[PDB]
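First comes the structure, then the notes that go with it.
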Number of protein chains: 2
Amino acid sequence: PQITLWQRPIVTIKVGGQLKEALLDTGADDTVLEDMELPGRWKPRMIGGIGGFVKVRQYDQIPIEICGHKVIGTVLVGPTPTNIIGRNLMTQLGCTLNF
Amino acid sequence: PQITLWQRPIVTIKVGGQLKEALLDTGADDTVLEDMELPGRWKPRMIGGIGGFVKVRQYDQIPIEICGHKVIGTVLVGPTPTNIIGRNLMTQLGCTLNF
Ligand SMILES: COc1ccc(S(=O)(=O)N(CC(C)C)C[C@H](O)[C@H](Cc2ccccc2)NC(=O)c2ccc3c(c2)[C@@H](N)CCO3)cc1
């Protein structure tokens, strides 16, 4: 698809069995999801953004379906107010910024 | 330009007389710059990032030069870790996301 930016670039994802909405975010190094239940070991991590620093849980090699395409990568889980799809997964969709 | 996302999409911009590096950010509704002094008056505004809400200054009708392009819009100034270009300016560039 081609997605313009007159509104938020929001897509449907499926992770941990659940369908969710998420934001395609070229400013995010990594993918950050709102608190949910995910299986497997994780490791604590700190990320920094506009509101300061937040503590997230880092999950490795987590499968995520984005608009029907299965990708896999690191997923951070924590108290973000919005599900965010980072570059680490957008590369795997073959996604580009065009102007 | 077609920009892949294997690395951060950084561009040089010219604003308020000054040359600066900023991040192309589809997850940002609005453009946000670190403390700067801009032409014109501002009003207070609260914006919400990954760590919570923060007070910024909203300047309207700020001209900005981005990748050989001239644009003009609202620029927010406040405690952001990195300068970010939001959708409000990227639409003026004609940016799209493409899978
Ligand atoms: C290592 O992985 C990460 C991933 C994401 C982040 S981040 O979310 O903190 N962020 C990094 C910088 C560029 C600020 C990138 C996103 O662009 C960020 C995501 C977000 C969107 C909505 C709500 C919370 C977070 N976007 C913004 O901070 C942002 C930027 C501008 C903006 C708004 C938000 C609106 N809430 C109000 C007006 O304009 C940091 C580290």
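As the structure lists them, so they are numbered: ligands from 1, and atoms in each ligand from 1. Every chain is numbered from 1, with letters handed out A, B, ... down the list of sequences. What's counted below: heavy atoms across the whole structure, side chains too, no hydrogens, waters or symmetry copies.
Residue B:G48 places at least one N or O, backbone or side chain, under 3.5 Å from an N or O of ligand 1. At least one N or O atom of A:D30 sits closer than 3.5 Å to an N or O atom of ligand 1.
Residue A:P81 places a heavy atom less than 4.0 Å from ligand 1.
No side-chain donor-acceptor contact under 3.5 Å links A:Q61 to the backbone of A:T74. For the pair B:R45 (side chain) and B:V56 (backbone), a donor-acceptor distance under 3.5 Å is absent. Checking side-chain atoms of B:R57 against main-chain N and O of B:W42 turns up no donor-acceptor pair under 3.5 Å.
With a heavy-atom cut-off of 4.0 Å, B:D25 touches ligand 1 through its side chain alone. Contacts between B:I84 and ligand 1 below 4.0 angstrom, taking non-hydrogen atoms only, involve the side chain exclusively. With a 4.0 Å cut-off on non-hydrogen atoms, A:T80 does not touch ligand 1 at all. With a 4.0 Å cut-off on non-hydrogen atoms, B:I50 touches ligand 1 through its backbone as well as its side chain.
Applying side-chain contact (heavy atoms from CB on, under 4.5 Å) to A:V11 and the options A:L93, A:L23, A:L24 leaves one that passes, A:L24. Each of B:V32, B:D35, B:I62 was checked for a side-chain contact (heavy atoms from CB on, under 4.5 Å) with B:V77, and the lone residue meeting it is B:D35.
Each of the atoms 24 (C), 25 (C), 28 (O) of ligand 1 lies under 4.0 Å from some heavy atom of B:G49. For ligand 1 and A:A28, the ligand atoms under 4.0 Å from any heavy atom of the residue are 4 (C), 5 (C). Taking every heavy atom of B:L23 and a limit of under 4.0 angstrom, the matching atoms of ligand 1 come to 13 (C).
The protein atom (non-hydrogen) at minimum distance from atom 22 (C) of ligand 1 is A:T82 CG2, 3.5 Å. Scanning the protein heavy atoms around atom 11 (C) of ligand 1, the nearest turns out to be A:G27 O, 3.9 Å. Closest to atom 37 (C) of ligand 1 among all protein heavy atoms lies B:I47 CB, 3.8 Å. Distance from atom 32 (C) of ligand 1 to its nearest protein heavy atom, with residue and atom name: B:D29 N, 3.9 Å.
Side chains of A:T96 and B:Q2: a donor on one and an acceptor on the other come within 3.5 Å. Side-chain contact, B:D30 with B:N88: no donor N or O sits under 3.5 Å from an acceptor N or O.
Side-chain contact between A:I85 and A:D25: absent, with no pair of heavy atoms (C-beta onward) separated by less than 4.5 Å.
The shortest non-hydrogen separation linking A:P79 to A:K55 is CD-O, 3.6 Å.
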